[PDB]
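# An overview of the molecular structure
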Amino acid sequence: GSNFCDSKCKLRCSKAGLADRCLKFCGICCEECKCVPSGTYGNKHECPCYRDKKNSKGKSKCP
């Protein structure tokens with residue numbers, strides 16, 4: 001491959017109940033933050049931008 005957002009987000013979302021939604025939001029957050037946490041949940045301290053990104057209602061945005 002040649003895009004770490006696509007590749008990392010496929011891993012991040014590989015056990016998601018809503019895979020397409022996960023891939024979309026992981027993609028958006030990686031475009032903004034240039035970082036994706038390892039594993040399929042948690043580990044968000046690896047990527048403070050990804051960890052802290054909120055939507056318009058103040059809810060965590062990034063899976």
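About the cut-offs
Residues numbered from 1 in each chain as written, not as in the entry; some residues may be left out. Heavy atoms only, no water. Residues with missing side-chain atoms left out of burial classes, pairs and counts. UniProt positions renumbered as here; feature names shortened; annotations may be inferred. Core = buried A, V, L, I, M, F, W, Y, C linked by side-chain atoms within 4.5 Å. Buried < 20%, exposed > 50% of the residue type's maximum accessible area, 1.4 Å probe, protein only. Helix = DSSP H or I, 4+ residues; strand = E, 2+ residues; numbered from the N terminus. Contact = heavy atoms within 4.5 Å. Axes fitted to C-alpha atoms, helices over the stretch in contact; angles between N-to-C directions. Parallel < 35°, antiparallel > 145°, perpendicular 65-115°, else oblique. Left-handed = near helix turned anticlockwise from the far one by under 90°.

The PDB entry lists the protein under the name Snakin-1, with Solanum tuberosum given as the organism. The Sequence similarities (unreviewed entry) comment attached to the protein in UniProt states, word for word, "Belongs to the GASA family."

Attention shifts here to the nonpolar core. By size, the foremost hydrophobic cluster in this structure holds 12 residues: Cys5, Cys9, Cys13, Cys22, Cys26, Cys29, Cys30, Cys33, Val36, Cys47, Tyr50 and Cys62. Counting residues per element, the ones that place at least two in this core are α1 (4-12) and α2 (19-33). Per-element accounting of this core gives the leading share, 5 residues, to α2. Those residues in contact with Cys33, other than ones at most four positions away along the chain, are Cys49, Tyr50 and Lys53.

What follows covers the side chain of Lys61. Relative to the elements of secondary structure, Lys61 occurs in the segment after α3 (48-52). Note on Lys61: relative accessible area 17%, which makes it buried. Apart from the residues within four sequence positions on either side, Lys61 is in contact with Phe25, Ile28, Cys29, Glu32, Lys53, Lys54 and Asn55.

Close contact between α1 and α2 brings their axes to 9 Å; oriented N to C, the two are set at 140 degrees. It follows from the interaxial angle that α1 and α2 lie oblique. Here α1 runs over α2; the crossing is right-handed. Across the interface between the two elements, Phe4, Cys5, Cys9, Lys10 and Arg12 from α1 touch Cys22, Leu23, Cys26, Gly27, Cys30 and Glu31 from α2.

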